[PDB]
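Computation of the quantities below employed the complete heavy-atom set of this structure, encompassing side-chain atoms and omitting hydrogens, waters and symmetry-equivalent molecules. In what follows, every chain begins at residue 1, and chains take the letters A, B, ... in the order their sequences are listed.
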Amino acid sequence: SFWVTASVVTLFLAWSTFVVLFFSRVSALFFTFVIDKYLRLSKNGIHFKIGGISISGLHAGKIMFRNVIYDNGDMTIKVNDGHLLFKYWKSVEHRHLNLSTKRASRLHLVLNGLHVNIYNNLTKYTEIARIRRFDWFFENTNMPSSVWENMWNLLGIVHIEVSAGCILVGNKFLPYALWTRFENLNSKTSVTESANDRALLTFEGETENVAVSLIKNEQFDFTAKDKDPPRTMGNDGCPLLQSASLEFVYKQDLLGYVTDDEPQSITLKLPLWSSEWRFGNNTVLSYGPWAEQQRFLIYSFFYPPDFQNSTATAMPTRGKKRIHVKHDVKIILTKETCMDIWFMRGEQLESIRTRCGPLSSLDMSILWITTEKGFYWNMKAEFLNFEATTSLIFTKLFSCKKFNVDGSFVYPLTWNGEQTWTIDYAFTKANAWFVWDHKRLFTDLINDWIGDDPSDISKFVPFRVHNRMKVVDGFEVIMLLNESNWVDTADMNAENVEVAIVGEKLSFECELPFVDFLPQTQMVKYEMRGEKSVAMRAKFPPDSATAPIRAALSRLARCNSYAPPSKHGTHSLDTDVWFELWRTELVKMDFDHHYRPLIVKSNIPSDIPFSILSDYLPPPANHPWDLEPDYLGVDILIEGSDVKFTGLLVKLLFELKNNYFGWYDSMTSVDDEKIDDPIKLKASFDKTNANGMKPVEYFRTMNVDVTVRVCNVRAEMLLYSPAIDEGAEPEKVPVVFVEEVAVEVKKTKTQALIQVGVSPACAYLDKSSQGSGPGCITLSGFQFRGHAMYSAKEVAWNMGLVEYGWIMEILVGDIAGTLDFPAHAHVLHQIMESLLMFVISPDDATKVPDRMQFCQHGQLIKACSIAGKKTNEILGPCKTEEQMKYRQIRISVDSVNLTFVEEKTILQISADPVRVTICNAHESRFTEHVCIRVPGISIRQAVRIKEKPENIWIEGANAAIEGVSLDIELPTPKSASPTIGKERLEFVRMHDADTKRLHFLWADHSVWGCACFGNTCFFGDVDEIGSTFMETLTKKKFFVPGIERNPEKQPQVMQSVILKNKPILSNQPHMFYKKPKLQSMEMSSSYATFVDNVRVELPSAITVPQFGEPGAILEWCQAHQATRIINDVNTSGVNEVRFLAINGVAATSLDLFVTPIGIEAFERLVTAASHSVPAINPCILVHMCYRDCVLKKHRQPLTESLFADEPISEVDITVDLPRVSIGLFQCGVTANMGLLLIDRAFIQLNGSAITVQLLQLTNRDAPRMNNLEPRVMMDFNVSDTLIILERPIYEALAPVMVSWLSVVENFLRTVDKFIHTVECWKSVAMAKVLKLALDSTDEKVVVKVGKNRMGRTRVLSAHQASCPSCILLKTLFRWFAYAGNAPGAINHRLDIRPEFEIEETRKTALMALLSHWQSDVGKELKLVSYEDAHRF
Amino acid sequence: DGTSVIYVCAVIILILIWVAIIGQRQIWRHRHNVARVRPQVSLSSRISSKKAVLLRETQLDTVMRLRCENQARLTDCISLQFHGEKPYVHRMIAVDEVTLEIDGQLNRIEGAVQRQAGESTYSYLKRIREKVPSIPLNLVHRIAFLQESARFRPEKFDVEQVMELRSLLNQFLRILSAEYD
Ligand SMILES: CCCCCCCC/C=C/CCCCCCCC(=O)OC[C@H](COP(=O)(O)OCCN)OC(=O)CCCCCCC/C=C/CCCCCCCC
Ligand SMILES: CCCCCCCC/C=C\CCCCCCCC(=O)OC[C@H](COP(=O)(O)OCCN)OC(=O)CCCCCCC/C=C/CCCCCCCC
Ligand SMILES: CCCCCCCC/C=C\CCCCCCCC(=O)OC[C@H](COP(=O)(O)OCCN)OC(=O)CCCCCCC/C=C\CCCCCCCC
Ligand SMILES: CCCCCCCCCCCCCCCC
């Protein structure tokens, strides 16, 4: 029947399916029951279960298994499935295990789906309970060589294969669990011969994939205290050490027994215990502060602190089993490896993403025993081609070809003992970019890493960190010095002004002695040295209007450097774009930081109610100025220097101060600053300055004592060196020798004292081709003192400081010079031209970012809250502190003795102590004032007559202006409110009541005072020097160094404000760079008999100064003093016979002596001026034309659209005119002298008596040297004069007229010739340069370079883009800079044709060249608006 | 012959059953890749037996209780050989002074015992004061503040604070011994 066979077939199906696919379950049940019973696993608290096993494959060595679970209370080991093969058919090679021979892998284990979950460490916690006698815990938890050798001989190589495996570390009490996973693990466990030990076990293998991460614990009750990870890769959590392959070699000596008499050694015959890890491709290896917190939590759980003072481990003795000493870890990165650090700043994810090359290794020796010094572990990392980058807008951070770290970490016996960290950093050929935003970013990273957990004495462990950083084979630090701290974030062709400090060796040491628990003050010292061939290089954007001028100046300057150029740096070797201006051999910077640690007192775990807790605690500070300030001692030394000086040095120092120690510490990309609504402008500004989110102690001030000392400075005063004459040595760049420049800044809570001291300085000017000789300028000394007065009234805490008073005092010593004419006058002219052009930099000036336009209240120029309170609005425009502060400048020049030497003439200009004062609140008026005090300035001239073997000089002319005392009251600045005076008075007397440092506001006087007088606090309560500053009657030099020993009295000149009773200048030896290898004899004699003869004593022999020993520059200055014009009493002559608002005396007196021979000597000077004109560089002419354009703000007829501004009244003058006494003399074979005396006049407009008298040296025969020669007069007088304009005899007089008029006519003709010579030279040289630039195919010489992306941020950007006569000049600068035929103008060259003398042709040539250049210029010319009137 | 038909039907159905079971098992094995599927920290996700899970949970709870109770004794004989001269020794003495003077003295039958969880000197002193109202409320607050200032606060802690804490502890012990003869 069908039923019977159906039942039979159903039984077949059921039984066959059960026995082939389900009998494993029942067999596993049986074996699970047997195994835990026989070995007592359940009794010992071990959970064991098998979900499947095979029994029919034993005769093939195969044992399949499934769902094997093993838990022992600490970790759970689970395997999804697998099989165990014992390949018994592989013959055993030897009777006994021979460790020195190869064995077959008779044992093969395959595990599919291996789980390992480590959740507890019961051994350590039971030990802690036992050592602390926690009996409650100890009860609640409810808890052979022959055989080993035979088993290892039978098994051979244990081949273990894991298709997939995961390791999970964590439990229910940990917020995050460490998830480690891998795939395709093939490994071979083997035993081999071992020296000193029983055997060596090796565990080699590979994994085809590996990844570690921190995953979220689902059982955890996360609260607001817990912080989310910065980034997650989906469900995998926060990544850590992702990789594509891993090769591991684990070696461990199986310990034997001690055979020697002495115990086991700590350094001899160490048992081998090592681990090697080689990573493949795609190793990412991320980390961060949050991962550090999770690591601390997990490690502190699984490895709890027993708080027990350890003991030095007793080494096993003879006959006892040996112990392991140390474990060695070697990690090798076989490919390029990333190493990222991620952390959160507010709501933004920051990162420090680094990279290392292939074969970058990490070594790690971990001591496994304890000695009498405790235990320690070493570390040796080496990253090849280590490159680091940040997440800022400027992402470049660091790069080097090799990075080595050697760290040693020592832990003492006592758990509370002082640990010692010794970390040595080594870099090879490292280059870095430093911005202050990097410092801010790293400070935020360190603060995040430390955490916000409170400090506990029961958890406090003192420790010292010894950091030593070394850079070898060259270093390079690039600092971005764009004005207003703009940045170009473009990856390529970044148009940033960059300064690079390069050198061979860089050092940095820093000890961190955190050995006190919450100390009142923490002291940390830093040291940094640049040790060999140090240089400073400056780069400017190629189309920045400064780079072409700088490059032309560098190309055309004929300078010889004593310092060989440095070959160091990586991104600054391009000399065409990088300007190496400073060269030194040592720069050492020392920092001494004293600070109060910033404790977050809101995190103190206080269970006491706040109502009575506040009673015991001291009252909190209401203002940051109520706190004791921190301290920072800065000490910088520049040992020697060879400087290519220019105004760019001053500009770069100013930008360094602004961008690194000023208001502009934060970068601003040139593409983001687009905000027009002040409401949202303030909102964005407010978000960055989160004052409400910080404690009051965050804004604690810091006293800083800066000491910068620059020693043995030889500076090149770069200029356009003249043309070379074949027969003469080329004229080099002038060199300035300064022995020392000392800068001291003493900034305190309420004031800052800036003090600059300069030693005697020389200036050797090269001998010109004309042949007069070298020139010298001598300065006896220079001192600058600046007193800045601070207040915190109505100032935002982010700024926390407003400056209301700024007193400056410039003290210049004695200026003595002996210059030739006209070469050195031209040298000074172009030196001043280049210096002023580079310092001002009108086309390079940039707009301040809107978020960086701070106010007197710490808010922005637009959208200021305090100004909003006025006129009852939410926000209004406040005013910057520059417009409101009281500024006063005192300038004193002890003396000035400059001699201009010609072949037959010298012209000495001598001056008395000159005082100039600028006071913007002078007397009761709060407007700009200028006060000039010139007690006397004289001009003398000597004309050489050489009819004798001894030179004969006479005083051809004289001048003297005495008693100049002028007070100029400049009008109010344009666009200023009518009540600026009242506003400034209220501002000044508001930020002064607490200190009263500007005494003139509180003096009870009808006429107020100024810092012009001694009515202010200047480096002391009493302003001693300022009291008698304008008192020029005594004529007393102010630059007299001295020491004041009263701490309350202000220090004297050249007396350090940092030290006490010590001068700011120290005469110490320092390193320096050595040198590398009339026309008628009768008429002239006639004048010599009457005019006073003088002796001219030039400096003996002007040599090149060399620094040598200290004080040698002083000796060079003392040897080359001012030229002396010594009068002779025996030859004394007729030079002496005589008979808006501006106030003061124009001059007390005005003497003037003139002879025709004196005017002849002026003619000599003028003729010498015109001769040297063709030898001038045309580049200075291009420079002067460009200066005209820029100083006019490029006010072309095309750019009149940009000028729509739309003194003009109340100009009054009340001055006293001098008593003019002019004495003329003329002798011709006989002597006639005319005396003019004008009495004092006054302008309100009046005059006084005028006496013109014509004398005659007629003997006493016709009605002391010339005892027979009196003077007979032909007088002429005027009684008075009032102009009110308010808005025979012929025979003797004839020789006078025909001589004086002849000499005056000759002088005027010479002047006209000089003027026409200069004009013709200008036209011809400009045409020559234009034609040469037009006929040039060099790539660099081009009208526009680059995209000029930084040009959008520059003031006068629209103007300079439409000075077509100024874009063309910039191309000419690029022609001088880079054209190969540019040195074709270093030749003394006159007109190429005789036709150029005619004016029309030389003008039309220039016009035609301009026309030819117009088409080339117009391609990039961006026209402001449009002028179709000019187009027609 | 119907026997041949029965045999072939049995063979085909048996092969289909075997291939279906083995295919489902293989799909399950392939899906459960331990290197791709994120595991769970729960012990019950790996151990099926409730008894073993409960035992391990109790062991973890005991470990956490030990971690709470594991408090370092800063004032130790060999720990005073170290420190001793350092400025922070006084707060180390103060933090252990409260423990030694109270817990080491009030470890009697009727004395209160600090809780293992939420161990607070302020709360423990409040519990003591509830039973013994003779001690003023100022005394417990000042003692707790002194110990807390020693442990966490940056205010200057020196010999004066140690002497004040010792005097207050002596007064507290005197009153508590008067109330506990
Ligand atoms: C991320 C991918 C994961 C890759 C893993 C990389 C390497 C990680 C592994 C290290 C494996 C550990 C080696 C085995 C332990 C060492 C043997 C041992 O010490 O047992 C004790 C005892 C005596 O040794 P002593 O050193 O004197 O004792 C001192 C303290 N015990 O040893 C013996 O007597 C027997 C020796 C053999 C026992 C070792 C077991 C043999 C096989 C091991 C393979 C391990 C497989 C695990 C890999 C699976 C993937 C995670
Ligand atoms: C010596 C060889 C040449 C060196 C080459 C690099 C030249 C770098 C040049 C000039 C900058 C050097 C000064 C560096 C620290 C500046 C000191 C300072 O301002 O610290 C102040 C700061 C707080 O100021 P603010 O946050 O602005 O707020 C206060 C009120 N607003 O207080 C402090 O933290 C103290 C600073 C500790 C001094 C230690 C700094 C050591 C110098 C590091 C320079 C880094 C360049 C090294 C990179 C080279 C790698 C190849
Ligand atoms: C070969 C390369 C080196 C050769 C170059 C030589 C440069 C020429 C010479 C001297 C440089 C001028 C010295 C300037 C000293 C700086 C004085 C100063 O800025 O102090 C003010 C400031 C205080 O104000 P705040 O902190 O903002 O307010 C705090 C309120 N709670 O001080 C500070 O912040 C820290 C002081 C650190 C200054 C250290 C750097 C000094 C500058 C240059 C020295 C080395 C020059 C090399 C770099 C040149 C790059 C242009
Ligand atoms: C702004 C006037 C500049 C020239 C005056 C200073 C130079 C004095 C030396 C005279 C020779 C220079 C001739 C003109 C060169 C531009």
Describe, in one word, how the ring planes of [X] and [Y] are oriented to each other, choosing from parallel (under 30°), tilted (30 to 60°) and perpendicular (over 60°).
| X | Y | value |
| --- | --- | --- |
| A:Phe854 | A:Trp663 | perpendicular |
| A:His787 | A:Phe1018 | tilted |
| A:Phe1013 | A:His922 | tilted |

Is the shortest side-chain heavy-atom distance between [X] and [Y] below 4.5 Å?
| X | Y | result |
| --- | --- | --- |
| A:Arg997 | A:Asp992 | yes |
| A:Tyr660 | A:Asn485 | no |
| A:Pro849 | A:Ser484 | yes |
| A:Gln1360 | A:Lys1370 | yes |
| A:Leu1372 | A:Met1326 | yes |
| A:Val896 | A:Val914 | no |
| A:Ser1362 | A:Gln1196 | no |
| A:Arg887 | A:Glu928 | yes |

Give a yes/no verdict on a cation-pi contact between A:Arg890 and A:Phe1038, requiring under 6.0 Å between NZ or CZ and the six-membered ring centre and an angle within 45° of the axis.
no
Do [X] and [Y] have side-chain atoms, one donor and one acceptor, less than 3.5 Å apart?
| X | Y | answer |
| --- | --- | --- |
| A:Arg851 | A:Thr688 | no |
| A:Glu983 | A:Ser977 | yes |
| A:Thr1199 | A:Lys1193 | no |
| A:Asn482 | A:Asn496 | yes |
| A:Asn798 | A:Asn691 | yes |

**Q.** A:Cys864 and A:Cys855 SG atoms less than 2.5 angstrom apart
**A.** no
Could you check A:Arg984 against A:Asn920 for side-chain contact (heavy atoms from CB on, under 4.5 Å), going step by step and ending with a plain yes or no? CA-CA 10 Å; A:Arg984 292 206 341 122; A:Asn920 55 8; 3.4 Å; yes
Of A:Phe987, A:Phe926, A:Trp806, A:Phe1000, the one forming a ring pair (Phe, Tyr, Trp, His ring centres under 6.0 Å) with A:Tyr886 is A:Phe1000
- Message: Strictly distance-based, threshold 3.5 Å: is any side-chain N or O of A:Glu881 a donor or acceptor partner for the main-chain N or O of A:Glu803?
- Response: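 Yes, A:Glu881 side chain to A:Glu803 backbone: donor-acceptor pair under 3.5 Å.
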OG1 of A:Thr917 to CD1 of A:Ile889, rounded to nearest 0.5 Å, is 9.5 Å
(request) Kindly state whether the ring of A:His1359 and the ring of A:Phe1203 have centres lying under 6.0 angstrom apart. (result)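 Close enough - the centres of the two rings lie under 6.0 Å apart.
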Checklist entry - Should we count NZ of A:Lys1322 as having more than 12 external heavy atoms under 6.0 Å? => result no
Could you go through A:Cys931 and A:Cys919, starting from their C-alpha distance and side-chain angles, then the distance that decides it, and tell me whether this counts as disulfide (SG to SG under 2.5 Å)? CA-CA 8 Å; A:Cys931 301; A:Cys919 187; over 6 Å; no
